[PDB]
């Protein structure tokens, strides 16, 4: 139904066993992983990091530890460990087109794939036709927010994305409960990106690409500068970046990290600062 769960570089996923949508791959401690009941905590979320030479991925937990899924060669166990770029920490993600099921096949020893056991433990094993070696990937951000109305807070202070009443200009402002501060998030299948639609005027959060660096709202023309990528912070699934479809380097940004009402929301070159960190919450 959607291409939003495709195995894209730099997206974040729940990894579930094919036999149970309510369990997910879960970092349970400093080193151990297991299948666990789905709670949508950061320790159940995994960023894919593709290497184009190997055609394989690293699988990184998003609880801010930066640990990656690791085959404990020469044993049959798996863990989460420091990224040392080991062959044993790379995994092919090879997908069945119809069912969407994926094998997670080790790069160092491609005889071996990830397997889930009856008792919810994980291991690597030689390959069989059992469903205990098939997993599904669901994109966390799409699950959280697609076709949903949201408040969007700057990390800098308790202030939200606000469309001006006279202008179509976007600023940060305190919570009014106003429709000018509420945004309908919707994935576009064809662009493979999001629109954010102000509830007040039913138009798209827009980087005015022609004019300069200003972000406001604008007509629903579907121009390139009206589409956005929404991701978690590189290491941390408690906050989000919002970057523009027209230029990936351009991130939604509070001008000069201004803390007060009315301070302008723009796009700015990618920098890692708190000015470009946001908190999207569903209403």
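Positions refer to the first chain, counted from 1.
Q: Would you tell me which stretch averages the higher CA B-factor in the PDB entry, 16-24 or 256-264?
A: Taking the mean B-factor of the alpha carbons in each, 256-264 is higher.
Q: Per the record, averaged over C-alpha atoms, which has the higher B-factor: 39-47 or 239-247?
A: It is 239-247 that shows the higher mean C-alpha B-factor.
Q: So among 93, 185, 122, 161, who wins on Cα B-factor in the entry?
A: Going by the entry's C-alpha B-factors, 161 comes out highest.
Q: Out of 117, 133, 84, 180, which one has a C-alpha B factor higher than all the others in the entry?
A: By C-alpha B-factor in the record, 180 ranks first.
Q: Please rank the C-alpha B-factors of the chain's modelled residues and tell me whether residue 191 sits in the lowest, middle or highest third.
A: As the PDB entry reports it, the C-alpha B-factor of residue 191 lands in the middle third of its chain.
Q: Which third, lowest, middle or highest, does the C-alpha temperature factor of residue 176 belong to within its own chain?
A: Top third by C-alpha B-factor.
Q: Going by what the PDB entry lists, where does residue 167 fall on CA B-factor within its chain: lowest, middle or highest third?
A: Highest third.
Q: Could you look up the Cα B-factor of residue 219 in the entry and say which third of the chain it sits in: lowest, middle or highest?
A: Its C-alpha B-factor belongs to the highest third of this chain's values.
Q: Which third, lowest, middle or highest, does the C-alpha temperature factor of residue 103 belong to within its own chain?
A: It belongs to the lowest third of the chain when residues are ordered by C-alpha B-factor.
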